[PDB]
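Trainee: Here's a structure for you.
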Amino acid sequence: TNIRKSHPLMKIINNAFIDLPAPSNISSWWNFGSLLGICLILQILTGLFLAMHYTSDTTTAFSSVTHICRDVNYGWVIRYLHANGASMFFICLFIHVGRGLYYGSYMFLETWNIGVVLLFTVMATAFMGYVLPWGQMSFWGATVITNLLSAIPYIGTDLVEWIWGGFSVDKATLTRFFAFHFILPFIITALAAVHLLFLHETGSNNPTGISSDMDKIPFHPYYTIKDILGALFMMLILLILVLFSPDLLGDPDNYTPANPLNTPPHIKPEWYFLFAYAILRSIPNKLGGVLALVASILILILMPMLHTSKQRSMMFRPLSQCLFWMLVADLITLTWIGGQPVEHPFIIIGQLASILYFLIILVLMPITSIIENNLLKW
Amino acid sequence: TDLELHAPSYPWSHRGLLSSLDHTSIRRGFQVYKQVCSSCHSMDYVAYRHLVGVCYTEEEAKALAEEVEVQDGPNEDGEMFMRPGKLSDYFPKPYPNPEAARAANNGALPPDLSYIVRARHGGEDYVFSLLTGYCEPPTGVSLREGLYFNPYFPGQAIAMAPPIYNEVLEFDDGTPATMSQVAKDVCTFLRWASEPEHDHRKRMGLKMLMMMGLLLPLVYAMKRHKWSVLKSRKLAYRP
Amino acid sequence: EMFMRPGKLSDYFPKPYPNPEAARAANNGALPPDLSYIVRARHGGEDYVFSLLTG
Amino acid sequence: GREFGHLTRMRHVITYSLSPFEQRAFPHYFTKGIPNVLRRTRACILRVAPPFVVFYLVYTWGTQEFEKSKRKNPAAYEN
Amino acid sequence: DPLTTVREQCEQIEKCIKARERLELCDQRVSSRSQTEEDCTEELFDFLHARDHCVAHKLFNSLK
Ligand code: HEC
Ligand code: HEM
Ligand code: HEM
């Protein structure tokens with residue numbers, strides 16, 4: 001009879017990809033999340049051909065990458081795909097997140113909360129293993145981040161030395177940071193396998209905000225092809241960036257081999273943290289400052305129950321659409337501030353962004369959603 | 001709390017997207033490095049095998065390494081003995097160790113020029129400027145006895161006793177050796193040493209566009225077919 | 001460099017020759033076995049060596 | 001347990017459709033692409049720009065002022 | 001030798017001459033005293049920028 005519906009393995013994939021009711025208006029924006037999956041398989045795969053060669057020797061580490069990006073076949077390609085294919089996995093995140101604050105996508109409490117955890121794990125693996133190319137930026141950011149968690153009144157003294165294996169970076173540290181990279185990765189994949197289990201049993205959304213069980217089309221021939229087409233469009237831009245102008249997104253200060261004898265003049269991390277580092281140094285009081293740094297990834301779980309409108313999505317809410325575009329411009333000025341020395345207006349101005357990322361979505365957005373409820377009589 | 005002098009730009013012969021490397025400038029820059037300047041840095045990562053595909057022919061290349069003889073390793077009945085030299089070995093170091101280097105040249109280490117180009121805000125252009133525009137010191141400024149005035153430095157002065165000027169060398173190819181030309185050949189050599197994958201990169205970066213740029217316009221058409229079932233329906237209501 | 005140091009707690013058991021290849025020169029082309037694992041690398045054990053000596 | 005048999009209930013409606021092989025897939029693409037963008041960009045050019053417009057001003061103000069007090073300090077470094 | 005000639009030719013423009021008058025006026029100021037804060041740290045940079053902007057264009061052409 002029909003083999004597609006009686007075999008124990010193919011029931012699972014027919015019910016999951018080939019034959020699930022799907023809406024029909026979905027914006028391309030429903031596109032990006034799959035792209036992330038493509039990135040996930042490529043960061044893992046390309047990243048094992050480096051731990052094959054690399055050597056966790058504190059006075060052997062830096063020359064290791066230097067011989068791989070010279071010595072072996074095609075290694076110059078793979079090094080750069082690994083360094084650039086996560087400048088874009090971090091591109092994907094800010095779009096897949098910001099959309100869910102447009103099309104009312106948090107009312108999925110279960111889906112939404114197994115999210116933020118993944119945000120935290122992915123954001124920490126990259127720092128935890130950008131300090132083991134073993135260069136001055138790598139050591140001198142490690143020292144600075146390390147000295148903050150040590151300002152806990154009774155916590156700090158003891159925890160700090162357990163990760164060093166001593167007093168300062170030696171053979172006892174590079175080894176256990178290289179311990180870290182291997183395992184955060186595998187664990188993360190299992191949290192992504194559970195994000196979707198929730199997704200079955202509520203079905204997807206649609207960019208109007210009205211349940212449409214009336215007209216659901218399949219997810220074979222349509223979503224399968226749209227997806228393949230856009231995916232083979234991510235491999236144009238990725239490869240053009242890497243094989244035309246690789247050196248564009250980096251810094252020329254992981255080339256002098258690590259020394260305690262020098263100290264970099266204008267230390268600053270890559271672009272995609274300078275946002276959760278501009279709050280930090282914006283304020284005095286080190287113990288407090290660490291707390292305001294994590295107020296942010298936990299600002300988010302606090303925003304399903306501040307909703308105060310009667311409708312879903314901003315499509316039919318033309319007055320709230322103003323406040324959503326002063327959020328992203330805030331996050332752009334706040335990234336222009338950070339990677340730059342301290343001068344007269346930088347302190348005064350970066351301050352406003354810190355005050356406002358909070359006044360927009362803490363006071364304003366729940367109090368400006370009633371002024372318009374009062375206008376359509378709900 | 002001071003100023004700095006950002007280097008200008010030049011129409012470099014390799015500056016384009018689809019350009020190449022002049023493979024006669026690097027050959028002539030190698031002799032300049034060796035005779036003139038090859039004392040103060042290491043050049044460790046560059047062996048003697050890396051110039052045969054770039055600058056010299058193999059039977060023309062082996063005779064360069066022979067002239068500089070170096071100590072060899074321990075063995076039985078004559079450990080640490082002298083030996084002519086082989087192709088593989090790395091460029092012979094000038095100095096024993098950090099302390100002698102500090103002592104001989106005012107306690108300041110000379111950087112080893114293997115990543116000296118990539119690790120400078122700027123690049124080949126800044127390198128070309130720093131080796132031309134020297135000037136006498138202004139009025140009313142104090143300076144160290146061993147220090148010489150240079151306007152391209154963050155400290156505005158560096159221990160570099162001018163090593164490059166007219167007719168310090170002789171170009172065997174039959175070239176009137178002017179300071180500008182020798183500096184240019186040196187810079188073209190140095191960047192290539194800092195990143196040799198330039199020439200093998202811009203060719204796959206070209207056989208990627210032509211092939212892709214015609215397959216991708218296909219997928220679109222198969223798409224349209226499928227989605228063209230659903231954009232042609234009329235939807236009337238009759239209670 | 002190549003000068004002599006009195007020695008401290010860290011330093012290893014000083015090795016006799018410049019290289020092991022000197023051993024065949026003086027010892028008839030018979031390289032002496034190392035004595036770190038000679039116990040475990042033999043059938044017998046710590047009673048093969050003893051019975052070798054008085055034999 | 002929410003497949004294509006059991007969902008919402010609807011009644012008295014009708015829809016029509018052709019095949020793909022009896023039609024062409026480019027009905028005046030050139031002469032209908034432009035007017036749609038013309039009519040829609042106007043509506044939301046006003047809803048994405050003005051929030052973003054007040055960052056150019058502050059960025060240029062700060063940049064030029066800092067450039068002054070870095071390249072022209074010897075103006076107020078009075079002798 | 002070509003570079004000295006082209007530097008001479010590129011000195012005669014308005015930028016370089018108005019920079020040199022400023023530089024020598026500042027040196028006239030400074031030479032009269034000894035404790036003054038002024039070196040040639042600033043106007044000399046103006047002179048170098050004014051030269052190099054124009055020098056950087058036609059220099060590479062004059063090669064063999
Ligand atoms: C007179 C011996 C000598 C000669 C010849 C010489 N160098 Fe140097 N160079 C030094 C010393 C010593 C330093 C370190 C200066 C310091 O740090 O105080 C140095 C530093 C440099 C620097 C500065 C690097 C930086 O970080 O600013 C550059 C550039 C340089 N050398 C290039 C060259 C090149 C290229 C040549 C060959 C054309 C050359 N020099 C020939 C001795 C020399
Ligand atoms: C979410 C997944 C991952 C992310 C985001 C990530 C991120 C990074 C980044 C940014 C670097 C810096 C490399 C450089 O700057 O040159 C790096 C290096 C490295 N990673 Fe990963 N990584 C991931 C997964 C892995 C995995 C799964 C492994 C091994 C199983 C791994 C092993 C390594 C090694 C050995 C290096 C050092 C090699 C080198 O620097 O060339 N990584 N990682
Ligand atoms: C490795 C990290 C992540 C991966 C691989 C991932 C992947 C996905 C996928 C495949 C979907 C369904 C497909 C789609 O909707 O287009 C999805 C949906 C969703 N994700 Fe994630 N995501 C990640 C991180 C996050 C984060 C950080 C959040 C933050 C809240 C989040 C919240 C959501 C929400 C709300 C949806 C619902 C989409 C809808 O409206 O239907 N996810 N995600």
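Every chain in the structure tokens has a letter given in the order shown (A, B, ...), and although residue numbers restart at 1 in each chain, ligands are simply numbered from 1 in the order shown.
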Output as a PDB file with N, CA, C and O atoms, in the first residue's frame the set of chain C residues within 9 Å of chain B, with distances taken over only C-alpha atoms.
Mentor:
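Saved the output as selection30.pdb:
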ATOM      1  N   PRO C  18      76.757  12.805  24.330  1.00  0.00           N
ATOM      2  CA  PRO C  18      76.091  13.877  23.567  1.00  0.00           C
ATOM      3  C   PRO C  18      74.858  13.387  22.827  1.00  0.00           C
ATOM      4  O   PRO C  18      73.783  13.989  22.943  1.00  0.00           O
ATOM      5  N   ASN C  19      74.981  12.298  22.079  1.00  0.00           N
ATOM      6  CA  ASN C  19      73.856  11.596  21.483  1.00  0.00           C
ATOM      7  C   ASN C  19      73.980  10.110  21.771  1.00  0.00           C
ATOM      8  O   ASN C  19      75.071   9.616  22.076  1.00  0.00           O
ATOM      9  N   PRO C  20      72.872   9.370  21.700  1.00  0.00           N
ATOM     10  CA  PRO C  20      72.963   7.909  21.836  1.00  0.00           C
ATOM     11  C   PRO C  20      73.837   7.252  20.780  1.00  0.00           C
ATOM     12  O   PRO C  20      74.286   6.122  20.994  1.00  0.00           O
ATOM     13  N   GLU C  21      74.095   7.916  19.650  1.00  0.00           N
ATOM     14  CA  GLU C  21      74.898   7.294  18.604  1.00  0.00           C
ATOM     15  C   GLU C  21      76.360   7.160  19.005  1.00  0.00           C
ATOM     16  O   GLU C  21      77.110   6.443  18.337  1.00  0.00           O
ATOM     17  N   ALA C  22      76.780   7.841  20.073  1.00  0.00           N
ATOM     18  CA  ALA C  22      78.126   7.648  20.597  1.00  0.00           C
ATOM     19  C   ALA C  22      78.292   6.268  21.219  1.00  0.00           C
ATOM     20  O   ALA C  22      79.416   5.772  21.342  1.00  0.00           O
ATOM     21  N   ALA C  25      79.922   3.570  19.301  1.00  0.00           N
ATOM     22  CA  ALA C  25      81.337   3.834  19.078  1.00  0.00           C
ATOM     23  C   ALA C  25      82.202   3.142  20.121  1.00  0.00           C
ATOM     24  O   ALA C  25      83.179   2.466  19.778  1.00  0.00           O
TER      25      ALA C  25
END
Trainee: Distance limit 7 Å, reference ligand 2, atoms considered: only C-alpha atoms and all ligand atoms. Which residues make the cut? Give them as a ChimeraX atom specification.
Mentor: /A:40,43-44,47-48,50-51,54,65,79,82-83,86,122,125-126,129-130,132-133,178,181-182,185-186
Trainee: Quick one: which residues from chain A are at most 9 Å off chain D, using only C-alpha atoms, as a list in words?
Mentor: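 Those within range of chain D come out as residues 15, 19, 20, 21, 201, 212, 213, 214, 216, 318, 321, 322, 323, 325, 326, 328, 329, 330, 332, 333, 336, 343, 344, 345 and 346 of chain A.
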Trainee: Can you tell me which residues come within 6 Å of ligand 3 when counting only C-alpha atoms and all ligand atoms, ideally as a PDB file with C-alpha atoms, in the first residue's frame?
Mentor:
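Saved file result-v2.pdb follows:
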ATOM      1  CA  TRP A  30       9.905  33.599   7.604  1.00  0.00           C
ATOM      2  CA  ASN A  31      12.912  32.564   5.415  1.00  0.00           C
ATOM      3  CA  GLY A  33      15.635  30.837  10.332  1.00  0.00           C
ATOM      4  CA  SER A  34      16.391  27.956   7.984  1.00  0.00           C
ATOM      5  CA  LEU A  36      20.783  29.523  10.440  1.00  0.00           C
ATOM      6  CA  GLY A  37      20.539  25.757  10.144  1.00  0.00           C
ATOM      7  CA  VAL A  97      14.771  38.069  16.729  1.00  0.00           C
ATOM      8  CA  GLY A 100       9.285  38.331  16.548  1.00  0.00           C
ATOM      9  CA  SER A 105       5.525  36.089  17.942  1.00  0.00           C
ATOM     10  CA  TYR A 106       6.150  35.895  21.714  1.00  0.00           C
ATOM     11  CA  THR A 111       8.835  28.528  21.969  1.00  0.00           C
ATOM     12  CA  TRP A 112      10.041  31.912  23.159  1.00  0.00           C
ATOM     13  CA  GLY A 115      15.030  30.669  22.771  1.00  0.00           C
ATOM     14  CA  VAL A 116      16.881  33.112  25.098  1.00  0.00           C
ATOM     15  CA  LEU A 118      20.279  29.488  23.067  1.00  0.00           C
ATOM     16  CA  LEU A 119      21.089  33.163  22.654  1.00  0.00           C
ATOM     17  CA  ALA A 192      17.699  23.420  18.740  1.00  0.00           C
ATOM     18  CA  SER A 204       3.210  28.771  11.984  1.00  0.00           C
ATOM     19  CA  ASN A 205       1.984  32.387  11.827  1.00  0.00           C
TER      20      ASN A 205
END
Trainee: Using only C-alpha atoms and all ligand atoms, which protein or nucleic acid residues are at most 10 Å from ligand 1, as a count of residues only?
Mentor: 52
Trainee: Taking only C-alpha atoms into account, name the residue in E:53, E:20, E:2, E:11 that is nearest to residue 176 in chain B.
Mentor: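 Closest to residue 176 in chain B of all the choices is E:2.
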